[PDB]
Amino acid sequence: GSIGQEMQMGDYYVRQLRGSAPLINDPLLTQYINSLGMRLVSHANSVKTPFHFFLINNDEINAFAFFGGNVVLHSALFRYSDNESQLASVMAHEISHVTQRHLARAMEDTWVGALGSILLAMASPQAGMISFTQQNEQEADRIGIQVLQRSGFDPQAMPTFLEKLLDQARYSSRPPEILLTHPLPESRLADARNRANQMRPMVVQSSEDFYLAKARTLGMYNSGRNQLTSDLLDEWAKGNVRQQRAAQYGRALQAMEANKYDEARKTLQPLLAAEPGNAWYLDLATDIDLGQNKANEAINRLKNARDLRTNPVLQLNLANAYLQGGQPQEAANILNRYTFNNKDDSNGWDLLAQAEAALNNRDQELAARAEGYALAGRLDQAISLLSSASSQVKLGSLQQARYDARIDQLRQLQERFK
Amino acid sequence: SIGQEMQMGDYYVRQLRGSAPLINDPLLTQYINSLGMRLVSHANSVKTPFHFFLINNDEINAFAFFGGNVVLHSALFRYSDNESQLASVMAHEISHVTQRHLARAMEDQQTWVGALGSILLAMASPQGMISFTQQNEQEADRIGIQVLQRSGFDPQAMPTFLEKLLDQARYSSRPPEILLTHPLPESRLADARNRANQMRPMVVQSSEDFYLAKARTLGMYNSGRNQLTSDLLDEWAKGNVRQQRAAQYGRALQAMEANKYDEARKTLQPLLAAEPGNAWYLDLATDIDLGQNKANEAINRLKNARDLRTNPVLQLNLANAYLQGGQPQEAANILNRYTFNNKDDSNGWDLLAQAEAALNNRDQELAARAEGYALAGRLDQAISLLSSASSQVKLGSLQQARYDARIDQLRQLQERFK
Ligand SMILES: [Zn+2]
Ligand SMILES: [Zn+2]
């Protein structure tokens, strides 16, 4: 089965990505990027596979995708994206590469590892490299702009973003890495500007989650050219009030990053007072609270949250608060259900490992950190942890049957690829 | 060329003394050289003696020049959370001199000797400034962290300090002056983390001398942002027993500063009862006693110390107590030996001048004042004092020839440099 092979070929590369590339595993940022991405996929034609959207800590702008609906976005995209529709146009562009099976159809002409080595070199700040035909790039722009429009974004954002890539391709000695995987001749641009001119004029406003995502990405995961500049923060202090709340949020982050917690708490207060129930400031409200060993206050606030049952960001934030507060069992009650509902989330497993370690449930601790190692492609290491777990439980027990069964599953993943 | 550089270094420190606000406090200068020499003893290819100087400046900086003279702004105690962070900065400077970066940089150019000295004085004064290449900073970090671990300090304290500097260069509009002299691009920071990660984890607890030094620097020599705040003392009151004793010391110190002598005695009492031979507590107990016109009690406590013949802090403390007690002859006997064994310590020369003033030995007072002026680079003034001293003694006397001989030496020192 091609779709079956593609989905597990994708899982193999995604596991290699987690284990060696610097992915941003932050709950707020990953939930936003996937919520935005899924909103595009839900308006794409002939989607035959699930989709996941990954974020790299890389200041070089690039974007690419491979089998299984897995698209990779560098954090530099938030530095170049002035509006949400520009970032959406890049994801729409990459989503269309997958639906058209461009990378899959290009490979029909040691080889599984040859492609995986290319994928991580493009994602790592340590950079072979894949390239699409300019015909392929035209289909991705043609199909991407229509997904862009049906999703309620500005179609003129795609040519506007392409032109900003061209103005740095000659006003700078460095060709941005995105232009080498996705080449941009003026024909590509003039074709894009023409299509946008022929759709409906639409002025769209970037969501409030976009500016907060842009602030957290550049502020909290700053790296190289990926900074949250004071020039941009002061510029956001003059724009629409969404950018001002985002600008306030960004300085609260940097005040927390520099351990000026009371300075950060007092900056964050007015935004939390206006929106007491949104996850973005709730997330940092606990972060500053635990920075001062006020874990009870973080717990009380999160138990009063409306959407604690539905929002994973809230669920992890409270589990972490229970851990720092000295109640690991309450953290485990949340995380046992959390890890079962999000088996691919390594944040959940790592926190469960912490909770089970604090409870001195060593077999369950080893099994929890085994899942972290399995998600990172460290299957030999995951098997070692579950072997140790299975050696601490009586034979014939279900814990032994379950630990040994999980080892069996990881061995099958292992033999499918060399 | 070592002979030229060590006499040229003497000229610069004389220029520093005369214009920069140096902290000459016996305990602090002894501490910073105790720890500095501890790093030199583990350094390679050391060709020079080493002296470390502390400038009362709330802007963080550090630099070094010819003759193994390292200059450290007192702000370093505000940024240093542990003793190994402080040593990491000192090892960086010691690495600058053993590589002779400033010497090799100045061999390229060739008047000039004074242009470098004006730059050094401007950097030291709170208020044209030397900066190193990226090659120099890499060498100073790589070599420095190896010295830092040979000395038993935490190697991860170097990358942790560097990122602490960057973390408040983005939080504030102010970039720390340390990062202007010692540029910190992210390549350097990534390199520092790399070399530290290659070495094994080391949990070292700071000496109790570090916390008392930090307490005395920020509490007695407070200035601008350098403050011993109640926030700091509360956190030390909650920390380990060394921080608790230092918090007790700092509060006793500030009570003494505010003339709350009886309150200061009750606060220092448990620390001095615990170790009656500790120089930091013996020093403070003297200030408290002299503040209440209790010289006899101060004299008797310091005569009972084991290290009176060995510790320069106790010697100066007891000489000053004898001064306030109306026994200037006994002060002079201590200081005549001290100034002979410590020719470069300006404290000994000043207290000797006070003792000779108290004994009405005018020419001997003037000659002692002259040494203080000569150490501060004010050679004409020192010659003026020795000339007047020579005019109060008989021609052909032994005193006349010595005063005239030292005038000859000082003038001979004047023509070597401009
Ligand atoms: Zn493309
Ligand atoms: Zn340096």
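Worth knowing before you read on, the calculation uses all heavy atoms, side chains too, and leaves out hydrogens, waters and symmetry mates. A note on names: the letters A, B, ... follow the listed sequences, proteins ahead of strands, and every chain is numbered from 1.
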With a 4.5 angstrom heavy-atom cut-off, which part of A/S223 approaches chain B: side chain, backbone, both or neither?
both
So which heavy atom on A/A121 is nearest to which on A/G128, and how close?
CB-O, 4.3 Å
May I ask you to check whether B/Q156 and B/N197 show a side-chain donor-acceptor distance below 3.5 Å?
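Note: B/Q156 and B/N197 side chains meet the donor-acceptor criterion.
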Are B/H92 and B/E137 linked by a side-chain donor-acceptor pair shorter than 3.5 Å?
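Yes.
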Sequence neighbours excluded, which residues qualify as side chain to side chain donor-acceptor pair (under 3.5 Å) partners of B/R78?
B/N226
Kindly say whether A/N58 contributes a backbone atom to a donor-acceptor pair with the side chain of A/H74 at under 3.5 angstrom?
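Pair absent, no side-chain N/O of A/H74 close to backbone of A/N58.
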With a 3.5 Å distance limit and no angle check, can you tell me whether B/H96 reaches the backbone of B/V70 through a side-chain donor-acceptor pair?
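No.
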Min side-chain heavy-atom separation A/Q168-A/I61 under 4.5 Å:
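In short, these two side chains do not touch, never coming nearer than 4.5 Å.
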Please determine which of A/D59, A/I24, A/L29 meets the side-chain contact (heavy atoms from CB on, under 4.5 Å) test together with A/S75.
A/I24
Could you name each residue pair satisfying salt bridge (charged side-chain N to carboxylate O under 4.0 Å, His left out) that touches residues 156-168 of chain B, not counting sequence neighbours?
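Passing the test, one end in residues 156-168 of chain B: B/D81-B/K164, B/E163-B/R193.
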Can you say whether the rings of A/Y32 and A/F210 are parallel (under 30°), tilted (30 to 60°) or perpendicular (over 60°)?
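Ring orientation, 0 to 90° scale: tilted.
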With a 4.5 Å heavy-atom cut-off (strictly below), which parts of residues 171-181 of chain A touch chain B? List them by number.
none
Using non-hydrogen atoms and a limit below 4.5 Å, what part of residues 234-252 of chain B faces chain A?
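Within residues 234-252 of chain B, near chain A: nothing under 4.5 Å.
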